[PDB]
Amino acid sequence: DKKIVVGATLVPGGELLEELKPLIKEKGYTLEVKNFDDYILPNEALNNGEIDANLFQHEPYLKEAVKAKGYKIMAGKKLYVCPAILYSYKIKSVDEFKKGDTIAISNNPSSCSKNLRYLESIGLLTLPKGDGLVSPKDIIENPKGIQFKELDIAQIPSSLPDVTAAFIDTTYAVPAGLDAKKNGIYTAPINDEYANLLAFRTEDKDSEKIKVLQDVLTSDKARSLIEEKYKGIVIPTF
Ligand code: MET
Ligand SMILES: [Cl-]
Ligand SMILES: [Cl-]
Ligand SMILES: [Cl-]
Ligand SMILES: [Cl-]
Ligand SMILES: [Zn+2]
Ligand SMILES: [Zn+2]
Ligand SMILES: [Zn+2]
Ligand SMILES: [Zn+2]
Ligand SMILES: [Zn+2]
Ligand SMILES: [Zn+2]
Ligand SMILES: [Zn+2]
Ligand SMILES: [Zn+2]
Ligand SMILES: [Zn+2]
């Protein structure tokens with residue numbers, strides 16, 4: 001009734017929501033955060049009706065989820081970007097890549113494709129022109145003989161000792177104890193197309209609960225919380 005149940009991955013959405021509880025209480029609502037540890041279940045729960053909203057994804061991921069699963073869900077206002085970061089225990093600069101080196105990448109086709117294009121933009125390889133999805137099979141030039149290890153996203157943090165470098169979502173990196181200042185060698189450009197945001201059932205588009213959530217999530221308090229906790233790795237888009 002006056003309870004809002006939001007599903008979220010701990011970092012950054014879960015902890016942001018937790019610190020916004022008092023502000024939500026000021027709007028006359030109680031907030032409960034349901035923790036999820038993966039990118040699949042939060043949307044199921046949302047479409048099932050178990051949660052009022054979720055905070056873990058960007059709109060492109062949601063659109064792909066809607067296409068594959070037929071969820072009746074929707075992206076809200078852009079909140080913050082979480083640029084992909086390339087981590088390494090073995091080198092400090094992308095200039096230090098050499099023959100035989102291995103990069104761990106997600107087996108998600110969109111993430112994989114996007115990661116390969118990041119590596120292209122820094123001159124490490126070349127891909128065919130266009131905007132379609134690319135894979136390691138499509139690499140035209142590969143000067144430094146970089147091999148790619150395609151893994152489940154949950155496995156990538158623990159792979160860092162066994163590979164040269166790895167692309168890891170901040171949602172996975174931070175709870176795994178990875179420090180981007182210490183071990184990050186490349187951060188992806190800011191692109192608000194990939195801004196994480198609140199998602200909710202299309203039916204609840206104009207409901208007060210979603211309205212309350214998006215108010216507090218775009219507040220000055222929300223901005224300062226993001227900046228104070230993540231300092232550079234999660235960037236507000238409001
Ligand atoms: C579940 S879509 C990926 C979300 C992740 N925090 C990112 O922006 O990279
Ligand atoms: Cl809670
Ligand atoms: Cl319905
Ligand atoms: Cl309703
Ligand atoms: Cl203001
Ligand atoms: Zn806290
Ligand atoms: Zn207040
Ligand atoms: Zn809680
Ligand atoms: Zn899970
Ligand atoms: Zn309903
Ligand atoms: Zn509702
Ligand atoms: Zn060095
Ligand atoms: Zn350089
Ligand atoms: Zn202000």
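Residue numbers count from 1 along this sequence. Reckoned from all heavy atoms, side chains included, excluding hydrogens, waters and symmetry mates.
- Between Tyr118 and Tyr186, the two ring planes are tilted [angle within 30° to 60°].
- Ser111 is linked by a side chain to side chain donor-acceptor pair (under 3.5 Å) to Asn108, counting only residues two or more places apart in sequence or in another chain.
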Mind listing the side-chain donor-acceptor pairs of residues 193-200 below 3.5 Å, one per line with the distance, residues two or more places apart or on another chain?
unit_1 : atom_1 : unit_2 : atom_2 : d
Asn196 : ND2    : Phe56  : O      : 3.4

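- For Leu46 against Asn54, the heavy-atom pair with the smallest separation is CD2-ND2, 3.6 Å.
- Taking the six-membered ring for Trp, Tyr172 and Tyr87 have ring centres at least 6.0 Å apart.
- At least one side-chain heavy atom of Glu26 sits under 4.5 Å from a side-chain heavy atom of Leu23.
- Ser159 and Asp162 share no donor-acceptor pair across their side chains, judged by distance under 3.5 Å alone.
- Residues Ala173 and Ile168 share a closest heavy-atom pair of N-CG2, 3.7 Å.
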Legend entry - Step-by-step side chain to side chain contact (heavy atoms under 4.5 Å, CB included) determination, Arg201 to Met74: CA-CA 6 Å; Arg201 292 180 297 277; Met74 209 191 127; over 6 Å; no
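- In terms of heavy-atom proximity, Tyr29 sits nearest to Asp1 at CE2-O, 4.3 Å.
- Under the 4.5 Å side-chain contact rule for hydrophobic residues, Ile40 and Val11 share a cluster.
- Nearest heavy-atom pair, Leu116 versus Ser135, reported as atom, atom and distance to 0.1 Å: CD1-C, 3.4 Å.
- No more than 12 heavy atoms of other residues, nucleotides or ligands sit less than 6.0 Å from atom NZ of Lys211.
- Counting only heavy atoms from C-beta outward, the side chains of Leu213 and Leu31 approach each other to under 4.5 Å.
- You'll find the side chain of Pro236 stays beyond 4.5 Å of the side chain of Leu79, heavy atoms only.
- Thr30 has its side chain out of reach of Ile24: every pair of non-hydrogen atoms, C-beta onward, lies at least 4.5 Å apart.
- Distance alone, capped at 3.5 Å, places no donor-acceptor pair between the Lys34 side chain and the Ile51 backbone.
- For the atom pair CD1 of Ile103 and CG of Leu86, the computed distance is 6.0 Å after rounding to the nearest 0.5 Å.
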Inset, instruction - Evaluate side chain to side chain contact (heavy atoms under 4.5 Å, CB included) for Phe97 paired with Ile146, printing each intermediate quantity in order. - result: CA-CA 8 Å; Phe97 278 121; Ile146 301 300; 4.0 Å; yes
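- Of the possible donor and acceptor atoms, none in the side chain of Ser113 sits under 3.5 Å from a partner among the backbone N and O of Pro109.
- When atom types are taken as modelled, the side chain of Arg223 and the backbone of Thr218 share no donor-acceptor pair closer than 3.5 angstrom.
- Between the side chain of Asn47 and the backbone N or O of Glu44, no donor-acceptor pair lies under 3.5 Å.
- Rounding to the nearest 0.5 Å places CG of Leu225 at 9.5 Å from OH of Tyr230.
- Of the inter-residue distances, the one linking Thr9 atom OG1 with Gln57 atom CD reads 9.5 Å to the nearest 0.5 angstrom.
- For the pair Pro12 and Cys82, the minimum side-chain heavy-atom distance is below 4.5 Å.
- Residue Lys90 holds its NZ atom at 12.5 Å from CG of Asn183, rounded to the nearest 0.5 Å.
- Side-chain contact between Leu55 and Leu217 is present, with heavy atoms from C-beta onward closer than 4.5 Å.
- The hydrophobic cluster containing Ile122 also contains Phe148, counting ILVMFWY residues as joined when their side-chain heavy atoms lie under 4.5 angstrom apart, directly or transitively.
- In this structure the side chain of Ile73 never reaches within 4.5 angstrom of the side chain of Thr202, judged on heavy atoms.
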Inset, instruction - Could you please spell out the steps behind the side chain to side chain contact (heavy atoms under 4.5 Å, CB included) verdict for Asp169 and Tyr39? - result: CA-CA 11 Å; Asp169 290 19; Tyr39 293 159; 2.6 Å; yes
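- A donor-acceptor contact shorter than 3.5 Å links the side chain of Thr237 to the backbone of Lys78.
- Note that CG of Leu20 and NZ of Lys27 are 10.5 Å apart. Values are rounded to the nearest 0.5 Å.
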Legend entry - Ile210 vs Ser207, side chain to side chain contact (heavy atoms under 4.5 Å, CB included): CA-CA, chis, key distance, verdict: CA-CA 6 Å; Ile210 295 303; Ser207 74; 3.4 Å; yes
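- The cluster map of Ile, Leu, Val, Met, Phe, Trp and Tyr, joined by side-chain heavy atoms under 4.5 Å apart, puts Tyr89 and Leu151 in the same cluster.
- How far CG of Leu124 is from CG of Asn142: 8.0 Å, rounded to the nearest 0.5 Å.
- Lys63 places none of its side-chain heavy atoms less than 4.5 Å from the side chain of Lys67.
- Considering every non-hydrogen atom in both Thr164 and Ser88, the closest pair reads O-OG, 2.5 Å.
- No more than 12 heavy atoms of other residues, nucleotides or ligands shown are found within 6.0 angstrom of NZ on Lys77.
- The nearest pair of heavy atoms linking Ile156 to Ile105 is CD1-C, 3.9 Å.
- Within the 3.5 Å criterion, the main-chain N or O of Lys98 finds a donor-acceptor partner in the side chain of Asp101.
- Considering only residues two or more places apart in sequence or on other chains, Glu120 meets the side chain to side chain donor-acceptor pair (under 3.5 Å) condition with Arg117.
- No chain of hydrophobic side-chain contacts below 4.5 Å, direct or via other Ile, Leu, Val, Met, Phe, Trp or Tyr residues, connects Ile139 to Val163.
- Under a 3.5 Å cut-off, the side chain of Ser93 and the backbone N or O of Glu96 do not form any donor-acceptor pair.
- Judged purely by distance below 3.5 Å, without hydrogens or angles, the side chains of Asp152 and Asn107 never pair a donor atom with an acceptor atom.
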